[PDB]
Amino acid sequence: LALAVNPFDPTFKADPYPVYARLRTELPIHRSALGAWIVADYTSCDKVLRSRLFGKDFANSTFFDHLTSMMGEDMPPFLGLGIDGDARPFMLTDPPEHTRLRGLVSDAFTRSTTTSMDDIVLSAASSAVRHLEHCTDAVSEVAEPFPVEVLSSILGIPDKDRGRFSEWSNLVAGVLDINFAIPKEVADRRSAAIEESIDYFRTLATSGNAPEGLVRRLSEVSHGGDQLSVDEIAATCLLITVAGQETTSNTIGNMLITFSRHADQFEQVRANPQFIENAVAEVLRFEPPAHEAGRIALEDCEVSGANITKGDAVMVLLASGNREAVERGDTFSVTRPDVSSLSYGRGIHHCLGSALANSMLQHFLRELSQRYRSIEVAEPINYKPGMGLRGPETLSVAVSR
(Lines of atoms letter the chains of each structure in order from A and count residues from 1; the text may use other names and numbers.)
(Lines give C-alpha, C1' and ligand atoms only; values in the text may rest on other atoms or scores of the structure.)
Protein backbone atom coordinates (compact mmCIF):
# COMPACT_ATOMS: atom_id res chain seq x y z
CA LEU A 1 0.00 0.00 0.00
CA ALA A 2 2.97 2.30 0.83
CA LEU A 3 4.50 0.98 -2.40
CA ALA A 4 1.85 2.73 -4.53
CA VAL A 5 2.54 6.14 -2.91
CA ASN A 6 6.14 5.57 -4.04
CA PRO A 7 5.80 6.49 -7.77
CA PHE A 8 6.80 9.31 -8.10
CA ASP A 9 9.42 12.12 -7.56
CA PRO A 10 10.29 12.15 -3.82
CA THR A 11 13.60 11.47 -5.60
CA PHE A 12 12.12 8.31 -6.93
CA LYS A 13 13.43 10.55 -9.78
CA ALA A 14 17.16 9.90 -9.00
CA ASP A 15 16.77 6.10 -8.87
CA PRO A 16 13.48 4.44 -9.72
CA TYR A 17 14.70 0.88 -10.44
CA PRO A 18 14.70 -0.64 -6.96
CA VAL A 19 11.09 0.63 -6.73
CA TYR A 20 10.33 -0.77 -10.19
CA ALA A 21 11.74 -3.99 -8.76
CA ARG A 22 9.27 -3.88 -5.78
CA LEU A 23 6.45 -3.34 -8.33
CA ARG A 24 7.31 -6.41 -10.47
CA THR A 25 7.76 -8.89 -7.54
CA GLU A 26 4.75 -7.63 -5.53
CA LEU A 27 2.34 -5.32 -7.45
CA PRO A 28 2.63 -5.75 -11.25
CA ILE A 29 -0.57 -3.72 -12.01
CA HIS A 30 -2.46 -1.16 -9.92
CA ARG A 31 -4.74 1.84 -9.97
CA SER A 32 -2.44 4.77 -9.30
CA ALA A 33 -5.20 6.85 -7.69
CA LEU A 34 -3.21 9.78 -8.85
CA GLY A 35 -5.48 8.62 -11.69
CA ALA A 36 -4.19 6.01 -14.15
CA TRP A 37 -3.28 2.31 -14.02
CA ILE A 38 0.43 1.48 -13.73
CA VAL A 39 1.89 -1.57 -15.50
CA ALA A 40 5.34 -2.99 -14.62
CA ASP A 41 5.98 -6.42 -16.17
CA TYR A 42 7.52 -7.01 -19.59
CA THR A 43 4.77 -9.30 -20.85
CA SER A 44 1.74 -7.07 -19.97
CA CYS A 45 3.65 -3.95 -21.11
CA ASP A 46 4.16 -5.48 -24.59
CA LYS A 47 0.65 -6.84 -24.56
CA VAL A 48 -0.94 -3.41 -23.81
CA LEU A 49 1.28 -1.40 -26.25
CA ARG A 50 0.32 -3.87 -29.04
CA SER A 51 -3.38 -4.48 -28.36
CA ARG A 52 -6.15 -2.95 -30.52
CA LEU A 53 -8.17 -2.69 -27.28
CA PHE A 54 -5.88 0.19 -26.23
CA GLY A 55 -5.48 3.58 -27.93
CA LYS A 56 -3.94 7.06 -27.74
CA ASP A 57 -6.82 9.51 -28.30
CA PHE A 58 -5.61 11.41 -25.21
CA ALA A 59 -7.32 14.81 -25.79
CA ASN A 60 -10.78 13.25 -25.83
CA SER A 61 -10.06 11.22 -22.65
CA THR A 62 -10.98 12.19 -19.07
CA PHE A 63 -7.34 11.69 -18.05
CA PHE A 64 -6.28 15.36 -18.03
CA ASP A 65 -9.48 16.46 -16.42
CA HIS A 66 -8.67 13.92 -13.70
CA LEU A 67 -4.97 14.76 -13.44
CA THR A 68 -5.64 18.49 -13.22
CA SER A 69 -8.30 18.06 -10.51
CA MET A 70 -5.89 15.87 -8.57
CA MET A 71 -2.92 18.21 -8.98
CA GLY A 72 -5.11 21.25 -8.23
CA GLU A 73 -3.31 22.95 -11.12
CA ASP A 74 -3.77 23.94 -14.81
CA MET A 75 -2.16 21.77 -17.55
CA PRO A 76 1.20 23.12 -18.83
CA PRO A 77 1.59 23.34 -22.65
CA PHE A 78 1.58 19.71 -23.77
CA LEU A 79 1.65 17.84 -27.11
CA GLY A 80 -1.71 16.13 -27.29
CA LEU A 81 -3.62 18.77 -25.48
CA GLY A 82 -3.18 19.08 -29.23
CA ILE A 83 -3.78 22.44 -30.82
CA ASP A 84 -7.40 23.65 -30.23
CA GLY A 85 -8.74 20.20 -29.26
CA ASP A 86 -7.25 18.61 -32.43
CA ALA A 87 -4.45 16.28 -31.18
CA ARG A 88 -4.77 14.31 -34.42
CA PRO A 89 -1.77 15.31 -36.50
CA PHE A 90 0.29 14.56 -33.34
CA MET A 91 -0.37 10.78 -33.71
CA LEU A 92 -2.26 10.88 -30.38
CA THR A 93 -4.98 9.08 -32.28
CA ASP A 94 -6.23 5.67 -33.32
CA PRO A 95 -7.30 4.09 -36.59
CA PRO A 96 -8.53 5.01 -39.06
CA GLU A 97 -7.11 8.56 -38.62
CA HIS A 98 -3.79 7.38 -37.20
CA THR A 99 -3.47 4.86 -40.02
CA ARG A 100 -3.95 7.59 -42.68
CA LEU A 101 -1.59 10.08 -40.99
CA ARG A 102 1.10 7.43 -40.24
CA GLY A 103 1.23 6.13 -43.77
CA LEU A 104 1.53 9.52 -45.42
CA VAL A 105 4.01 10.85 -42.86
CA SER A 106 6.29 7.81 -42.68
CA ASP A 107 6.45 7.66 -46.49
CA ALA A 108 7.86 11.22 -46.56
CA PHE A 109 9.90 10.68 -43.41
CA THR A 110 11.88 7.75 -44.76
CA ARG A 111 12.68 9.51 -48.03
CA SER A 112 14.13 12.33 -45.94
CA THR A 113 16.11 9.99 -43.71
CA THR A 114 18.03 7.72 -46.16
CA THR A 115 21.78 6.89 -46.23
CA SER A 116 22.20 9.99 -48.43
CA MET A 117 21.74 12.17 -45.28
CA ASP A 118 24.12 10.00 -43.23
CA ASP A 119 27.14 12.32 -43.76
CA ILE A 120 25.37 15.12 -41.97
CA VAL A 121 24.44 12.87 -38.99
CA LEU A 122 28.10 11.91 -38.63
CA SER A 123 29.15 15.56 -38.93
CA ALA A 124 26.77 16.55 -36.15
CA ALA A 125 27.82 13.52 -34.00
CA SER A 126 31.55 14.15 -34.39
CA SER A 127 31.26 17.89 -33.70
CA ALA A 128 29.35 17.09 -30.48
CA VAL A 129 31.74 14.34 -29.44
CA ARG A 130 34.48 16.96 -30.03
CA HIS A 131 32.68 19.65 -27.95
CA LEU A 132 32.67 17.28 -24.93
CA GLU A 133 36.33 18.00 -23.98
CA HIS A 134 35.75 21.75 -23.51
CA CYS A 135 32.27 22.10 -22.23
CA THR A 136 30.98 22.94 -18.77
CA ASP A 137 27.56 21.31 -19.21
CA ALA A 138 27.25 18.34 -21.54
CA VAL A 139 23.48 18.68 -21.48
CA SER A 140 23.15 22.18 -22.94
CA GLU A 141 26.38 22.26 -24.97
CA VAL A 142 26.42 18.78 -26.42
CA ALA A 143 23.42 16.59 -25.99
CA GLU A 144 20.77 19.17 -26.76
CA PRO A 145 22.28 20.75 -29.92
CA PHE A 146 23.01 17.41 -31.61
CA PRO A 147 19.36 16.46 -32.42
CA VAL A 148 18.55 20.16 -33.11
CA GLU A 149 21.24 20.23 -35.77
CA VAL A 150 20.10 16.91 -37.26
CA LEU A 151 16.41 17.73 -37.38
CA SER A 152 17.09 21.17 -38.87
CA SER A 153 18.80 19.27 -41.71
CA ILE A 154 16.14 16.47 -42.07
CA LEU A 155 13.38 19.19 -42.30
CA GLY A 156 15.14 21.38 -44.92
CA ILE A 157 15.21 24.49 -42.75
CA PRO A 158 16.80 27.28 -44.92
CA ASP A 159 20.14 28.72 -43.72
CA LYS A 160 18.48 32.03 -42.65
CA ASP A 161 15.97 30.35 -40.29
CA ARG A 162 18.40 28.12 -38.40
CA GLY A 163 18.69 30.54 -35.47
CA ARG A 164 14.85 30.74 -35.39
CA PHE A 165 14.38 26.98 -35.53
CA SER A 166 16.95 26.33 -32.80
CA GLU A 167 15.21 28.87 -30.53
CA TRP A 168 11.75 27.40 -31.16
CA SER A 169 13.23 23.94 -30.69
CA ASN A 170 14.43 24.91 -27.31
CA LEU A 171 11.07 26.35 -26.03
CA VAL A 172 9.14 23.44 -27.50
CA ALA A 173 11.36 20.53 -26.26
CA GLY A 174 9.61 20.24 -22.80
CA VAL A 175 6.17 20.08 -24.42
CA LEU A 176 6.86 16.29 -24.73
CA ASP A 177 6.47 15.78 -21.02
CA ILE A 178 3.92 16.77 -18.40
CA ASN A 179 5.34 19.14 -15.75
CA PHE A 180 3.24 21.13 -13.29
CA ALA A 181 6.34 22.83 -11.93
CA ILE A 182 6.28 25.49 -14.67
CA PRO A 183 5.68 29.22 -14.00
CA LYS A 184 3.21 31.26 -16.12
CA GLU A 185 5.56 33.42 -18.22
CA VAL A 186 7.22 30.17 -19.37
CA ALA A 187 3.97 28.36 -20.25
CA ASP A 188 3.16 31.55 -22.28
CA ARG A 189 6.69 31.79 -23.75
CA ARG A 190 6.30 28.12 -24.76
CA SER A 191 2.79 28.59 -26.11
CA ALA A 192 4.00 31.42 -28.30
CA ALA A 193 6.58 29.01 -29.65
CA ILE A 194 4.04 26.34 -30.49
CA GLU A 195 2.06 29.01 -32.36
CA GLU A 196 5.00 30.72 -34.13
CA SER A 197 6.56 27.42 -35.33
CA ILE A 198 3.24 26.17 -36.62
CA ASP A 199 2.78 29.57 -38.41
CA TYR A 200 6.26 29.34 -39.87
CA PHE A 201 5.85 25.66 -40.90
CA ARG A 202 2.64 26.36 -42.93
CA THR A 203 4.30 29.22 -44.80
CA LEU A 204 7.46 27.21 -45.61
CA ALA A 205 5.27 24.37 -47.03
CA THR A 206 3.02 26.55 -49.25
CA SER A 207 5.96 28.52 -50.48
CA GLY A 208 7.52 26.25 -53.04
CA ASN A 209 11.26 25.82 -52.74
CA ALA A 210 11.59 24.80 -49.18
CA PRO A 211 15.01 23.21 -49.50
CA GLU A 212 15.24 19.45 -50.14
CA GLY A 213 13.94 17.66 -47.00
CA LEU A 214 10.92 16.85 -44.88
CA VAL A 215 8.71 19.92 -45.14
CA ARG A 216 8.89 19.73 -48.89
CA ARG A 217 8.36 15.95 -49.06
CA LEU A 218 5.33 16.18 -46.70
CA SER A 219 3.79 18.44 -49.40
CA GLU A 220 4.59 15.98 -52.29
CA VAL A 221 3.40 12.74 -50.68
CA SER A 222 0.34 11.26 -52.46
CA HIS A 223 -1.27 7.82 -51.80
CA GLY A 224 -3.81 7.50 -54.66
CA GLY A 225 -5.29 10.99 -54.38
CA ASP A 226 -4.85 11.06 -50.61
CA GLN A 227 -2.50 13.68 -49.25
CA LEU A 228 -1.72 15.80 -46.16
CA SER A 229 -3.50 19.10 -45.82
CA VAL A 230 -1.31 22.12 -45.04
CA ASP A 231 -2.31 22.30 -41.34
CA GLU A 232 -1.51 18.53 -41.17
CA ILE A 233 1.97 19.24 -42.67
CA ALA A 234 2.71 22.03 -40.16
CA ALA A 235 1.44 20.08 -37.13
CA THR A 236 3.59 17.07 -38.18
CA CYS A 237 6.64 19.32 -38.53
CA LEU A 238 6.15 20.51 -34.92
CA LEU A 239 5.50 16.91 -33.73
CA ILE A 240 8.76 15.80 -35.26
CA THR A 241 10.61 18.79 -33.77
CA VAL A 242 9.35 17.87 -30.26
CA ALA A 243 9.38 14.06 -30.60
CA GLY A 244 13.10 13.81 -31.49
CA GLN A 245 14.66 16.35 -29.15
CA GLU A 246 14.45 15.32 -25.47
CA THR A 247 14.26 11.60 -26.18
CA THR A 248 17.62 11.93 -28.04
CA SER A 249 19.26 14.46 -25.72
CA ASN A 250 18.20 12.54 -22.59
CA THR A 251 19.73 9.41 -24.08
CA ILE A 252 23.05 11.10 -24.87
CA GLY A 253 23.17 12.23 -21.19
CA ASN A 254 22.13 8.83 -19.83
CA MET A 255 24.63 7.10 -22.20
CA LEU A 256 27.36 9.25 -20.69
CA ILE A 257 26.29 8.57 -17.05
CA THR A 258 26.14 4.81 -17.84
CA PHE A 259 29.63 4.47 -19.39
CA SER A 260 30.97 6.56 -16.44
CA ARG A 261 29.43 4.07 -14.05
CA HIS A 262 30.60 0.98 -16.06
CA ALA A 263 34.01 1.77 -17.55
CA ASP A 264 34.59 -1.84 -18.55
CA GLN A 265 31.52 -1.91 -20.88
CA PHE A 266 32.87 1.18 -22.60
CA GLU A 267 36.28 -0.50 -22.91
CA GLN A 268 34.45 -3.36 -24.72
CA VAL A 269 33.00 -0.89 -27.27
CA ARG A 270 36.29 0.96 -28.10
CA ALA A 271 37.96 -2.48 -28.42
CA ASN A 272 35.03 -4.25 -30.20
CA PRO A 273 33.36 -1.82 -32.65
CA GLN A 274 31.06 -4.48 -34.16
CA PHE A 275 29.07 -4.15 -30.89
CA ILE A 276 28.25 -0.40 -31.40
CA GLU A 277 24.67 -1.12 -32.42
CA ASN A 278 24.08 -3.65 -29.60
CA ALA A 279 25.46 -1.12 -27.09
CA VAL A 280 23.09 1.54 -28.26
CA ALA A 281 20.05 -0.79 -27.91
CA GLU A 282 21.43 -1.66 -24.44
CA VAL A 283 21.80 1.94 -23.22
CA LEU A 284 18.23 2.51 -24.45
CA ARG A 285 17.13 -0.63 -22.56
CA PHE A 286 19.09 0.11 -19.31
CA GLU A 287 18.39 3.84 -19.28
CA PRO A 288 15.44 4.69 -21.58
CA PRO A 289 14.70 8.37 -22.10
CA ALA A 290 10.96 7.75 -21.68
CA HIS A 291 10.02 5.64 -18.60
CA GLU A 292 6.38 5.62 -19.68
CA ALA A 293 4.11 5.27 -22.71
CA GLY A 294 0.36 6.04 -22.31
CA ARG A 295 -2.82 4.21 -23.37
CA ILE A 296 -6.57 4.61 -23.10
CA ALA A 297 -8.72 1.49 -23.03
CA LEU A 298 -11.27 1.64 -25.85
CA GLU A 299 -13.06 -1.30 -24.23
CA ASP A 300 -13.53 -2.91 -20.79
CA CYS A 301 -10.69 -5.35 -20.45
CA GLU A 302 -8.66 -7.87 -18.49
CA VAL A 303 -4.87 -7.74 -18.26
CA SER A 304 -3.62 -10.32 -15.78
CA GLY A 305 -6.41 -10.36 -13.16
CA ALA A 306 -6.67 -6.56 -13.35
CA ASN A 307 -10.01 -5.05 -14.34
CA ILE A 308 -9.80 -1.98 -16.60
CA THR A 309 -12.82 0.15 -17.46
CA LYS A 310 -13.55 1.83 -20.82
CA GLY A 311 -11.75 5.18 -20.85
CA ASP A 312 -9.26 4.38 -18.08
CA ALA A 313 -5.74 5.72 -18.61
CA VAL A 314 -2.93 3.15 -18.46
CA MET A 315 0.65 4.13 -17.83
CA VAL A 316 2.99 1.56 -19.37
CA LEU A 317 6.35 1.40 -17.53
CA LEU A 318 8.77 0.80 -20.39
CA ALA A 319 11.71 1.29 -18.00
CA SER A 320 10.43 -1.46 -15.63
CA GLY A 321 9.57 -4.05 -18.32
CA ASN A 322 13.02 -3.59 -19.87
CA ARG A 323 14.78 -4.68 -16.66
CA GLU A 324 13.24 -8.14 -17.23
CA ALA A 325 13.28 -8.11 -21.10
CA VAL A 326 16.65 -9.98 -21.10
CA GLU A 327 18.42 -12.34 -18.62
CA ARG A 328 20.14 -10.52 -15.64
CA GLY A 329 18.37 -7.36 -16.78
CA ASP A 330 19.80 -5.22 -13.96
CA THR A 331 23.30 -5.66 -15.49
CA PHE A 332 24.35 -3.22 -18.13
CA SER A 333 26.05 -5.37 -20.76
CA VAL A 334 26.94 -4.11 -24.24
CA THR A 335 27.68 -7.65 -25.34
CA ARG A 336 24.07 -8.92 -25.07
CA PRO A 337 23.50 -11.03 -28.22
CA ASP A 338 19.83 -10.28 -27.82
CA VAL A 339 18.65 -6.73 -26.82
CA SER A 340 14.83 -6.98 -26.59
CA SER A 341 13.53 -3.58 -25.43
CA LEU A 342 10.30 -1.60 -24.91
CA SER A 343 11.99 1.82 -25.27
CA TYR A 344 10.38 2.60 -28.66
CA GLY A 345 6.89 1.24 -27.87
CA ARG A 346 5.44 -1.72 -29.84
CA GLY A 347 2.77 -2.08 -32.51
CA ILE A 348 1.19 0.56 -34.71
CA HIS A 349 2.67 3.46 -32.72
CA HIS A 350 6.21 2.05 -32.70
CA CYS A 351 8.48 5.10 -32.63
CA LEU A 352 8.53 6.38 -36.25
CA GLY A 353 11.96 8.10 -35.67
CA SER A 354 13.65 4.98 -34.31
CA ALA A 355 16.03 4.23 -37.27
CA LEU A 356 17.12 7.91 -37.09
CA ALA A 357 17.53 8.07 -33.32
CA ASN A 358 19.55 4.79 -33.64
CA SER A 359 21.70 6.25 -36.40
CA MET A 360 22.33 9.40 -34.34
CA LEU A 361 23.11 7.43 -31.21
CA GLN A 362 25.39 4.95 -33.06
CA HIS A 363 27.45 7.62 -34.79
CA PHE A 364 27.68 9.43 -31.49
CA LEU A 365 28.93 6.38 -29.60
CA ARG A 366 31.35 5.42 -32.47
CA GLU A 367 32.96 8.89 -32.44
CA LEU A 368 32.91 8.83 -28.64
CA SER A 369 34.70 5.50 -28.25
CA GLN A 370 37.14 6.22 -31.09
CA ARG A 371 38.07 9.64 -29.62
CA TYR A 372 38.16 8.88 -25.84
CA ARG A 373 39.63 6.16 -23.60
CA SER A 374 37.52 7.09 -20.54
CA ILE A 375 34.52 9.21 -19.60
CA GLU A 376 33.52 10.14 -16.07
CA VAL A 377 30.53 12.20 -14.97
CA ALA A 378 30.44 14.00 -11.62
CA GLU A 379 28.01 12.40 -9.12
CA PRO A 380 25.33 12.97 -7.90
CA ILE A 381 23.21 13.68 -10.92
CA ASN A 382 20.37 16.20 -11.03
CA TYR A 383 17.54 15.01 -13.27
CA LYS A 384 15.09 17.13 -15.30
CA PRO A 385 11.63 17.45 -13.82
CA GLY A 386 8.60 15.84 -15.44
CA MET A 387 6.19 12.91 -15.32
CA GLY A 388 7.30 10.42 -18.00
CA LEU A 389 10.81 11.43 -19.23
CA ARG A 390 14.15 10.86 -17.56
CA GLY A 391 17.52 12.43 -18.19
CA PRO A 392 19.99 14.83 -16.54
CA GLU A 393 19.42 18.62 -16.27
CA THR A 394 23.18 19.45 -16.22
CA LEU A 395 26.27 17.20 -16.57
CA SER A 396 29.99 17.65 -15.85
CA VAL A 397 32.09 15.15 -17.72
CA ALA A 398 35.78 14.49 -17.56
CA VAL A 399 37.14 12.94 -20.68
CA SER A 400 40.51 11.45 -21.78
CA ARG A 401 42.11 10.65 -25.20
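We number the residues from 1 along the sequence you see.
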{"item": "Of 343 to 351 and 60 to 68, the stretch whose C-alpha atoms average the higher B-factor in the entry", "value": "60 to 68"}
{"item": "Greater mean Cα temperature factor according to the PDB record, 159 to 167 or 174 to 182", "value": "159 to 167"}
{"item": "Per the PDB entry, maximal CA B factor within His291, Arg216, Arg111, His134", "value": "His134"}
{"item": "Given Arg202, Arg100, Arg189, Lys310, the residue at which the Cα B factor reaches its maximum", "value": "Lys310"}
{"item": "Chain-relative CA temperature factor third for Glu267", "value": "highest"}
{"item": "Within-chain third of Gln274 by Cα B-factor, per the entry", "value": "highest"}
{"item": "Third of the chain's Cα B-factor distribution that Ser333 belongs to, per the entry", "value": "middle"}
{"item": "Relative C-alpha B-factor of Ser374, binned into the chain's lowest, middle or highest third", "value": "highest"}
{"item": "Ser126 by Cα B-factor - lowest, middle or highest third of the modelled chain", "value": "middle"}
